[PDB]
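Everything below belongs to my_file-v5.pdb, which stores PDB, C-alpha atoms.
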```pdb
ATOM      1  CA  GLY A   1     -12.563 -13.668  -6.740  1.00  0.00           C
ATOM      2  CA  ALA A   2     -11.789 -10.418  -4.939  1.00  0.00           C
ATOM      3  CA  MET A   3     -13.274  -9.313  -1.616  1.00  0.00           C
ATOM      4  CA  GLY A   4     -14.753  -5.834  -1.306  1.00  0.00           C
ATOM      5  CA  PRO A   5     -15.689  -3.673  -4.314  1.00  0.00           C
ATOM      6  CA  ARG A   6     -12.512  -1.620  -3.918  1.00  0.00           C
ATOM      7  CA  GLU A   7      -9.267  -3.588  -4.179  1.00  0.00           C
ATOM      8  CA  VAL A   8      -5.864  -1.906  -3.929  1.00  0.00           C
ATOM      9  CA  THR A   9      -2.925  -3.623  -5.625  1.00  0.00           C
ATOM     10  CA  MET A  10       0.604  -2.207  -5.581  1.00  0.00           C
ATOM     11  CA  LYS A  11       2.608  -2.694  -8.777  1.00  0.00           C
ATOM     12  CA  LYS A  12       6.409  -2.884  -8.748  1.00  0.00           C
ATOM     13  CA  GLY A  13       7.479   0.582  -9.852  1.00  0.00           C
ATOM     14  CA  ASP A  14       4.115   2.243  -9.266  1.00  0.00           C
ATOM     15  CA  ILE A  15       3.430   5.349  -7.180  1.00  0.00           C
ATOM     16  CA  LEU A  16       0.618   5.173  -4.626  1.00  0.00           C
ATOM     17  CA  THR A  17      -0.591   8.067  -2.474  1.00  0.00           C
ATOM     18  CA  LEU A  18       1.001   7.662   0.955  1.00  0.00           C
ATOM     19  CA  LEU A  19      -2.356   7.180   2.677  1.00  0.00           C
ATOM     20  CA  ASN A  20      -2.684   6.892   6.457  1.00  0.00           C
ATOM     21  CA  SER A  21       0.643   5.237   7.273  1.00  0.00           C
ATOM     22  CA  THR A  22      -0.232   5.213  10.973  1.00  0.00           C
ATOM     23  CA  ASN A  23       0.433   1.469  11.068  1.00  0.00           C
ATOM     24  CA  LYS A  24       4.094   0.465  11.319  1.00  0.00           C
ATOM     25  CA  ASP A  25       3.781  -3.011   9.805  1.00  0.00           C
ATOM     26  CA  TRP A  26       1.252  -1.741   7.266  1.00  0.00           C
ATOM     27  CA  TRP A  27       1.172   1.524   5.316  1.00  0.00           C
ATOM     28  CA  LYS A  28      -2.186   2.534   3.844  1.00  0.00           C
ATOM     29  CA  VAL A  29      -1.974   3.489   0.168  1.00  0.00           C
ATOM     30  CA  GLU A  30      -4.535   4.502  -2.455  1.00  0.00           C
ATOM     31  CA  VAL A  31      -4.679   3.332  -6.072  1.00  0.00           C
ATOM     32  CA  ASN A  32      -6.473   5.687  -8.459  1.00  0.00           C
ATOM     33  CA  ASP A  33      -9.892   4.864  -7.008  1.00  0.00           C
ATOM     34  CA  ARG A  34      -9.055   1.866  -4.820  1.00  0.00           C
ATOM     35  CA  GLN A  35      -7.355   2.140  -1.429  1.00  0.00           C
ATOM     36  CA  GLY A  36      -6.431  -0.300   1.325  1.00  0.00           C
ATOM     37  CA  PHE A  37      -3.918  -1.411   3.944  1.00  0.00           C
ATOM     38  CA  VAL A  38      -0.629  -2.754   2.587  1.00  0.00           C
ATOM     39  CA  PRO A  39       2.710  -3.948   4.028  1.00  0.00           C
ATOM     40  CA  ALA A  40       5.228  -1.102   4.184  1.00  0.00           C
ATOM     41  CA  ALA A  41       7.744  -3.790   3.227  1.00  0.00           C
ATOM     42  CA  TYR A  42       6.348  -3.655  -0.308  1.00  0.00           C
ATOM     43  CA  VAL A  43       6.524   0.143  -0.416  1.00  0.00           C
ATOM     44  CA  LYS A  44       8.973   2.906   0.496  1.00  0.00           C
ATOM     45  CA  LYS A  45       8.752   6.689   0.825  1.00  0.00           C
ATOM     46  CA  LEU A  46      10.348   8.526  -2.100  1.00  0.00           C
ATOM     47  CA  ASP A  47      12.097  11.889  -2.406  1.00  0.00           C
ATOM     48  CA  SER A  48      10.573  14.694  -4.476  1.00  0.00           C
ATOM     49  CA  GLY A  49      11.027  18.058  -2.789  1.00  0.00           C
ATOM     50  CA  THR A  50       7.620  19.730  -2.877  1.00  0.00           C
ATOM     51  CA  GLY A  51       6.641  17.913   0.304  1.00  0.00           C
ATOM     52  CA  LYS A  52       3.951  15.549  -0.955  1.00  0.00           C
ATOM     53  CA  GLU A  53       3.160  12.137   0.527  1.00  0.00           C
ATOM     54  CA  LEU A  54       4.005   9.414  -1.992  1.00  0.00           C
ATOM     55  CA  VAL A  55       5.422   5.893  -1.724  1.00  0.00           C
ATOM     56  CA  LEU A  56       6.858   3.746  -4.515  1.00  0.00           C
ATOM     57  CA  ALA A  57       5.888   0.072  -4.688  1.00  0.00           C
ATOM     58  CA  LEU A  58       9.043  -2.024  -4.347  1.00  0.00           C
ATOM     59  CA  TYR A  59       7.071  -5.266  -4.599  1.00  0.00           C
ATOM     60  CA  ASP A  60       3.707  -6.395  -5.966  1.00  0.00           C
ATOM     61  CA  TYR A  61       0.703  -6.626  -3.643  1.00  0.00           C
ATOM     62  CA  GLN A  62      -3.039  -7.274  -3.821  1.00  0.00           C
ATOM     63  CA  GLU A  63      -5.749  -6.040  -1.454  1.00  0.00           C
ATOM     64  CA  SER A  64      -9.417  -7.031  -1.634  1.00  0.00           C
ATOM     65  CA  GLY A  65     -11.601  -4.491   0.146  1.00  0.00           C
ATOM     66  CA  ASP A  66     -10.106  -1.975   2.563  1.00  0.00           C
ATOM     67  CA  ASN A  67      -9.171  -4.296   5.429  1.00  0.00           C
ATOM     68  CA  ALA A  68      -7.359  -3.524   8.682  1.00  0.00           C
ATOM     69  CA  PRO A  69      -3.926  -5.116   9.259  1.00  0.00           C
ATOM     70  CA  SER A  70      -4.993  -7.686  11.851  1.00  0.00           C
ATOM     71  CA  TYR A  71      -2.098  -9.930  10.827  1.00  0.00           C
ATOM     72  CA  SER A  72       1.606  -9.668  10.005  1.00  0.00           C
ATOM     73  CA  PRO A  73       2.805  -8.445   6.581  1.00  0.00           C
ATOM     74  CA  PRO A  74       3.447 -10.949   3.762  1.00  0.00           C
ATOM     75  CA  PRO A  75       7.006 -12.010   2.836  1.00  0.00           C
ATOM     76  CA  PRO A  76       8.518  -9.979  -0.033  1.00  0.00           C
ATOM     77  CA  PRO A  77      10.169 -11.440  -3.159  1.00  0.00           C
TER
END
```
Show me the file's structure as structure tokens.
Amino acid sequence: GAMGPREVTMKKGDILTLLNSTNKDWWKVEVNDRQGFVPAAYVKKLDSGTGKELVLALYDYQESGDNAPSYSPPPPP
């Protein structure tokens, strides 16, 4: 199953609002209607020009219920 009603999953090649990136080992990102803490290693700030806050998903991730990064980020592919 999936913890929490709102689960954020980053898809390789998907854009996710650069949510509170305060964390260094984890960059918060939203997904349409589901947000959560994710490993910055799976994402990376892009370049547009306007000045928005977006981050492409380099790798695939899965978050079950907005949870704080109390542990280290998972190993990428």
Please list as an mmCIF file with C-alpha atoms, in the frame of the given file every residue within 7 Å of stretch 40-48 of chain A, counting all atoms listed in the file and excluding residues in the same chain fewer than 5 positions away.
```cif
data_model
loop_
_atom_site.group_PDB
_atom_site.id
_atom_site.type_symbol
_atom_site.label_atom_id
_atom_site.label_comp_id
_atom_site.auth_asym_id
_atom_site.auth_seq_id
_atom_site.Cartn_x
_atom_site.Cartn_y
_atom_site.Cartn_z
ATOM 1 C CA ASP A 25 3.781 -3.011 9.805
ATOM 2 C CA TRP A 26 1.252 -1.741 7.266
ATOM 3 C CA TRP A 27 1.172 1.524 5.316
ATOM 4 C CA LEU A 54 4.005 9.414 -1.992
ATOM 5 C CA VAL A 55 5.422 5.893 -1.724
ATOM 6 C CA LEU A 56 6.858 3.746 -4.515
ATOM 7 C CA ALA A 57 5.888 0.072 -4.688
ATOM 8 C CA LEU A 58 9.043 -2.024 -4.347
ATOM 9 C CA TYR A 59 7.071 -5.266 -4.599
ATOM 10 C CA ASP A 60 3.707 -6.395 -5.966
ATOM 11 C CA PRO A 76 8.518 -9.979 -0.033
#
```
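The set of residues that the PyMOL selection byres ((chain A and resi 67) around 10) takes from this file is residues 3, 4, 7, 28, 35, 36, 37, 38, 63, 64, 65, 66, 68, 69 and 70 of chain A.
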Problem set entry | Distance criterion (all atoms listed in the file): nearest to residue A:73 out of A:11, A:24, A:34, A:6 | A:24
Axis-aligned box for stretch 27-37 of chain A, 4 Å per side, centre and edges in Å as lines of an AutoDock Vina configuration file:
```
center_x = -4.4
center_y = 2.1
center_z = -1.6
size_x = 19.1
size_y = 15.1
size_z = 21.8
```
For this session: Evaluate the PyMOL selection byres ((chain A and resi 17) around 8) on the structure here and hand back the selected residues as a PyMOL selection string.
Result: chain A and resi 15-16+18-19+29-31+53-55
Exercise. Hey, which of A:61, A:50, A:32, A:74 ends up closest to residue A:13? Count all atoms listed in the file.
Worked result: A:61
Problem set entry | atom CA of residue A:5 to atom CA of residue A:77, distance in Å rounded to a single decimal | 27.0 Å
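Restricting the calculation to only C-alpha atoms, the smallest distance between residue A:33 and any of A:21, A:49, A:8, A:14 is found for A:8.
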